[PDB]
Amino acid sequence: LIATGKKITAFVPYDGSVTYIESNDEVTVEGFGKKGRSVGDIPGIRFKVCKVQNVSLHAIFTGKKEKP
Amino acid sequence: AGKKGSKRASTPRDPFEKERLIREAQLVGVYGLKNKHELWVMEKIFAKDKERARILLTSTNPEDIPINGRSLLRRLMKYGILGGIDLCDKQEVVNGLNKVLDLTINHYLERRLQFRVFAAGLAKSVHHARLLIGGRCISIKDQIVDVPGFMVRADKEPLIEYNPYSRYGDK
Amino acid sequence: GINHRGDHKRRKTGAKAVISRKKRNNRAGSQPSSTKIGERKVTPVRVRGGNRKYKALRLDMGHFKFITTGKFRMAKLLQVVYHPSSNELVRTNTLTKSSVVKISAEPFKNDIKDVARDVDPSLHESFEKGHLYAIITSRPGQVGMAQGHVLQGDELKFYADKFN
Amino acid sequence: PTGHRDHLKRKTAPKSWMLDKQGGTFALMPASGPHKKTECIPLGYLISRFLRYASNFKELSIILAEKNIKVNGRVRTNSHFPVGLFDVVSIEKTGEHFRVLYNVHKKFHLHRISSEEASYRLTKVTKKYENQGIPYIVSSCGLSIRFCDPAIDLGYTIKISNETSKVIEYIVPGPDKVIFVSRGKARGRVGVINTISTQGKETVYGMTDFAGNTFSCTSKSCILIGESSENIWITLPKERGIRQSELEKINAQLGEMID
RNA sequence: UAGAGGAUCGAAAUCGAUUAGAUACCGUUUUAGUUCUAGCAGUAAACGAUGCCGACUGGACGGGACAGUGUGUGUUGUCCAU
RNA sequence: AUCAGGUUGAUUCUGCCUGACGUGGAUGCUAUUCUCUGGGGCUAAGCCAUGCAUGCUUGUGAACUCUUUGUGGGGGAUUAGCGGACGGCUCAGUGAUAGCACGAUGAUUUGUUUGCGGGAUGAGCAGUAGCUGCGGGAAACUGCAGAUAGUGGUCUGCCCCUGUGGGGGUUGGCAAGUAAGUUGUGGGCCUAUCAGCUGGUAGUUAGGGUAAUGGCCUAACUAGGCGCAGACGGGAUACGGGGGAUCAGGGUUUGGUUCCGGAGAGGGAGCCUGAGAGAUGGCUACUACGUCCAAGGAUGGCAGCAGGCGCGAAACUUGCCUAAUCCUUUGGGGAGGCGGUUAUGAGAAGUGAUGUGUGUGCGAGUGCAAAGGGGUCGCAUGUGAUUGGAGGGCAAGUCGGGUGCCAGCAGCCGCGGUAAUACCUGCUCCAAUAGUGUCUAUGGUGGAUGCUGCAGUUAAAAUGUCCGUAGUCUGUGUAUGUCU
């Protein structure tokens, strides 16, 4: 975390989408929506990747934008 | 520098309810409405009046039915919703405050300009009236009214006509 | 400087003070003026509203009144013999209000000869040594002058037991 | 915030002046002088909103710098000068006279009068003092008058000359008189005294309109303007200060509601 | 914790059995403790797992105390309705 | 004034978890028009290049200048006066010393405004700005000589307190109005793993200081003052109100932000002028960071309007204005107005139609300080839908093809192992529509905090037993007319 220097893990949602990111990339994460608990069968992760270098991850998967 | 504004419509308490989705699809069909926002505008209009009539009957303040009773009966008569009541008899009024509660949402959708250019025969159907109200071809005795939601008045209803300077006119 | 606000005092229950303001010229004060005897010196100070006080730094020649006859005379100030609050103000010859001074007796030479050496014999004994006692009822640091009256009878005996 | 303010925002202007909510952010600030601050209107509004003479402010200051106005028979050239109740405004060219009044809606009102009525003023006596070997009395618009009767006290109404500024005669308050209410809940209403009672250092006047309605008010919000119901000392406005209630206003437009 | 006492039983320790193994159930040798006096401590399925006080409400068969004489007052056990 | 899904082989419960409706902030895809209303508060009361945000009026008339010329004129430097204490920005400090409500000032001062009162044309000496010359210094700033208005002393007179002596002052006033200072009582932020606290501390008597009351300050003396009806402490994202959101009733939550009140100008202190300042687009010192120099010196204050860097998930133009509104009303004004920029909110019209385009473009006139726009006319002209879903909750497909407990989906229950109505891809349909989804905080939902109005044998919960002080209850603080 650039703001506080804490380590966290986050979950990369869609199909085949973990392969756009590289190491030393920047990413925007946000909550899951359930008050600070985990959701579903995912143990220990409380966050969720949203963007990848200022581009929406959901738009790269639907084909509206182009990879970084 | 004025006001922020305010909201005219509301929203249903439950989105997907079939006994409510069946009768709303009729009203936007029979009157040619444009979306559901127009219909919830008119529901709130019609519901303000009922909540106004009930308080006027259970009122112990003896000087209420005179002032505010007949005030709300004049306002309805001006628009063509209620008939004609002798506003001088204490019993002929309190029966008029019992006919305000037995109303429809059709007594309001029918005092509206898109439906008045249809009853007074000037258009094929309610999809043509909207097409030549917006085209500036209707005139309420002097005025080129242009918005198809203008709620006509009783003493101004028969004066509708074409626009004497429009392509549907003589000049 | 001196400032007469009370924002820095402990509260009625004993609680420590909390200050949330700088001092204001509204409530500014002065250091005490200390009027001594000798060679008149008075100064005019400019106060709120543009007005004027007179601050005496040294004074001679009080303006005293003999009560039994009701006449003012101007006498000369000799020394201070009693102050009701601080007797460190007597060792310095400082003239505040209600201090008792020893005054010169010549200008009252006509007045004192309407009293016998009968019930007031202590007023006639000090007159022959050359002095009388008086008391100040003005405020020399606020108006710039000394002004009082001479002690006789009840007063002169009450105070005489103080300064011996 | 220990120094005086010199501006007025327009939201805070008094309701009696009838100023539009928009139309700028500021309003004219009145000056000190004759009447209180909650009981006056600036001179410059009376010449451009209540007479509509000047349409501008370049023009309004051509009418005042050419010396065409006289408040209480005395030339005024300042647009911040304050004008109060029962004051005469004269305009030489196009000879006219007005008196400053209230409505029954409690707004201001300019009432046209004649020329031998424009030599008057009515005020109350409020203070009384002696200085330098002369006895004085103080008006409610703020003036001192010297060498009046020795039998004028606090509360009486006096008539000022307005062209020599000297008392003419007065009125003592008592039953069967007339009243104008200059402030309070009941501002702009004329009545006729019926009873005068007291309370914890107060005097309250039971009154009765010129139509039968009843009434009551302290003695600090009332000026006597008459000796009896047909001996009033000024000319009242068109409606005389009735204030018909809201039951009696719909029957005019709608008739009665009989059983 | 201090003094006194010591029949019986018995943690801990110890052997003999049983068992695949039993540091256990069963048994033999043998202790602290179990008792009294003076104190410390302050816990329990310290349970009817059921605050305290006041007003009103059907039957049947009983018990314990007092007073009367064919019943009453305070307590209390069992069984049937509403 | 409303409920649904989820513990079991099936049942009735207890109990929470999740869905369904609003509102404030940030963010994804997608966008035609106009009208009103908003926009570097949260993190950094962090640091700032350049431009602008404060100057006027004369009963004052220098240099210079004109006239055929004299108690003559032009000219405009400086004196004298008024203002710069308001307006604008921000929310660090402050939990009541501030703010709101009702009171006291008989304890006080007040320029400009209004109406009354009041005013040295005497002597005699000193002497200055501008101006005319000689000059210093990198700079920023400054000296000496010469000669003149206003002016400054001292006598004289005038006024004040006294008088069978004397001693002060140099014209300063009264009443309204406006403003300001001082002061009494009362109010639900959380906390007892905060229970005893207080030395100018509580009072008396005298004096000083102040515009004015008062331990405000000093000298002497008395031993007081507050507290489970919560004192004294400590914590959290504490500026107070007017106000906002939610919504049967009763309640819960929030207010940096237009209007009114306060406080502050990197941090602390101390002051001058003035009717008014403990002033920061005033001065002096210490302290954080600095900047310019010829090295000896001299200097800085955007939480004013634009703008830049930094910080962060997070926020516009280095534009035009001698017009409206007002202050100081042809002087001055980044106050304020006028556009531009941006899915801030709210309202109103469109994306076509058969008899005879609700759009876009241009032209007149209107409008303005100058222009945009808009609405009244004409000329051509013809363009303009998305976002989220289809097993149940919950409106809508056992439709085609791929994948085979993989890849992925799913708030919750759950789906996928070659027989997928739930994943990926194509069609078809559903809801709302210039919008529609996601993350975060909060009201309702919740009789799941219970005053109205819950529960306590066994589901979470009556204390091992008696006695007993404060408090509550019992025994012996109300309603209403009139005025404010």
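Protein chains in written order, with the authors' numbering: chain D3, 71 to 138; chain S9, 2 to 172; chain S8, 2 to 165; chain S4, 2 to 260. Don't be surprised by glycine CBs; every beta carbon is placed ideally from N, CA and C.
Query	Result
8 Å Cβ cutoff met for residue 15 (chain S4) and residue 83 (chain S4)	no
Cα-Cα separation, residue 43 (chain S8) to residue 7 (chain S4)	41 Å
Whole-angstrom C-beta distance between residue 88 (chain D3) and residue 173 (chain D3), which should lie under 8 Å	Nothing about residue 173 (chain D3) can be reported from this structure: the residues present for chain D3 run from 71 to 138 only.
Three-state class that DSSP yields for residue 11 (chain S8) in the structure shown	coil
For residue 98 (chain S4), the three-state DSSP class (helix, strand or coil)	strand
Beta-carbon contacts of residue 217 (chain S4) that lie in its chain and below 8 Å, excluding the five residues immediately before and after	205, 206, 207 and 208
Chain-ordered chain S4 contacts of residue 88 (chain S9) [CB-CB under 8 Å]	255, 256 and 258
Nearest-angstrom Cα separation, counted from residue 52 (chain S8) out to residue 159 (chain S8)	40 Å
Min CB distance residue 100 (chain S9) to chain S4 below 8 Å	no
Same chain, Cβ closer than 7 Å to residue 164 (chain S9), neighbours up to 5 away in sequence not counted	137, 138, 139, 140, 145 and 170
Beta-carbon spacing of residue 112 (chain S9), residue 152 (chain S9) below 8 Å	yes
Euclidean distance between Cα positions of residue 227 (chain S4) and residue 179 (chain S4)	5 Å
Pairwise C-alpha distance: residue 133 (chain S4) and residue 136 (chain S8)	34 Å
Residue(s) in a DSSP beta bridge with residue 82 (chain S4)	For residue 82 (chain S4), which the question treats as bridged, DSSP gives no partner whatsoever.
Residue 99 (chain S9), DSSP secondary structure in three states	helix
Closest residue to residue 225 (chain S8) among 14 (chain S8), 13 (chain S8) and 9 (chain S8) (Cα-Cα distance)	In the structure as shown, chain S8 begins at 2 and stops at 165. Residue 225 (chain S8) is therefore absent and cannot be evaluated.
Nearest-angstrom Cα separation, counted from residue 22 (chain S4) out to residue 5 (chain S9)	16 Å
Under 8 Å between C-beta atoms of residue 147 (chain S8) and residue 58 (chain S8)	no
Inter-residue CB distance, residue 247 (chain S4) and residue 68 (chain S9) (contact presumed, cutoff 8 Å)	6 Å
Touch test, the segment 149-165 of chain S8 against the segment 44-51 of chain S4, Cβ-Cβ under 8 Å, three pairs minimum	no
Proximal chain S4 residues relative to residue 91 (chain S9), where beta-carbon distance stays under 7 Å	258 and 260
Coarse secondary structure for residue 147 (chain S8), derived from DSSP in three states	coil
At least 3 beta-carbon pairs within less than 8 Å: the segment 104-116 of chain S4 vs the segment 235-242 of chain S4	yes
Contact under 8 Å by Cβ, residue 37 (chain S8) with residue 142 (chain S8)	no
Exposed unless 16 or more other CB atoms sit within 10 angstroms - verdict on residue 115 (chain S9)	buried
Contact list for residue 71 (chain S9) against chain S4, beta-carbon separation under 8 Å	251, 255 and 258
Backbone CA spacing between residue 30 (chain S9) and residue 166 (chain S9) [nearest angstrom]	32 Å
Length of the line joining the Cα atoms of residue 65 (chain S4) and residue 165 (chain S4)	24 Å
Neighbour flag for residue 67 (chain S9) against chain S4, beta carbons, 8 Å	yes
Anticipated Cβ contact below 8 Å, residue 255 (chain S4) with residue 53 (chain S9), distance rounded	Not really, about 18 Å apart at Cβ, beyond 8 Å.
Neighbour list for residue 9 (chain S4) in chain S9, Cβ cutoff strictly below 8 Å	Under the 8 Å cutoff, chain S9 gives no residues; its nearest Cβ is about 18 Å from residue 9 (chain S4).
Among 143 (chain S9), 121 (chain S9), 104 (chain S9) and 150 (chain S9), the one whose alpha carbon lies nearest that of residue 131 (chain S9)	150 (chain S9)
Beta-carbon gap between residue 163 (chain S4) and residue 120 (chain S4) smaller than 8 Å	yes
Residue 91 (chain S8) versus residue 157 (chain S8): straight-line alpha-carbon distance, rounded	18 Å
C-alpha distance - residue 144 (chain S8) paired with residue 35 (chain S8), whole-angstrom precision	13 Å
Beta carbon of residue 149 (chain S8) nearer than 8 Å to that of residue 63 (chain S8)	yes
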